[PDB]
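K.L.:
Fold the following and give me the result.
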Amino acid sequence: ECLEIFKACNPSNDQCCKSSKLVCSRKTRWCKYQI
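P.N.:
Numbers count the residues shown, from 1 in each chain. Take a look:
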């Protein structure tokens, strides 16, 4: 269980699950795929 897609990321981790290449740095509060 980890914030993968559309999953909010805490400012302490921000490190999205390795289950998928998702980012949430400057993007939305939720992890989103890179286009």
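K.L.:
Might you report the residue contacts of the spatially most central residue of the chain?
P.N.:
For the chain, the residue sitting closest to the mean C-alpha position, by CA atoms, centre = their mean, is residue 31 at 2.9 Å. Residue 31 makes contact with 3-9, 16-17, 22-24 under the criterion CB atoms under 8 Å, 6 or more residues apart in numbering. Any C-beta I mention is one placed from the backbone N, CA and C, and that applies to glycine too.
K.L.:
any idea which of the residues you listed is closest to residue 35?
P.N.:
Nearest to residue 35 out of these is residue 23 (CB to CB; 10.6 Å).
K.L.:
Next up, the contacts around that closest one.
P.N.:
Residues counted as contacts of residue 23 (CB under 8 Å, 6+ apart) are 16, 31-32, 34.
K.L.:
Residue 32 too?
P.N.:
5-6, 22-24.
K.L.:
again, but for residue 4
P.N.:
Contact partners of residue 4, counting by CB under 8 Å, 6+ apart, are 16-17, 19-20, 22, 31.
K.L.:
List only buried entries from those.
P.N.:
16, 22, 31 (16 or more other CB atoms under 10 Å).
K.L.:
Which ones among the residues you listed map onto strands?
P.N.:
residue 22 (DSSP state E).
K.L.:
hang on, the earlier thing: next, give me the two most distant ones among the contacts of residue 4.
P.N.:
Across the contacts of residue 4 (CB to CB), the longest gap, 10.0 Å, separates 19 and 31.
K.L.:
surely residue 14 meets residue 24?
P.N.:
Yes. Taking CB atoms under 8 Å as the definition, residue 14 is a contact partner of residue 24 at 6.5 Å.
K.L.:
which one of the two has more residues nearby?
P.N.:
Ranked by neighbour count (other CB atoms under 10 Å), residue 14 and residue 24 place residue 24 first, with 18 against 12.
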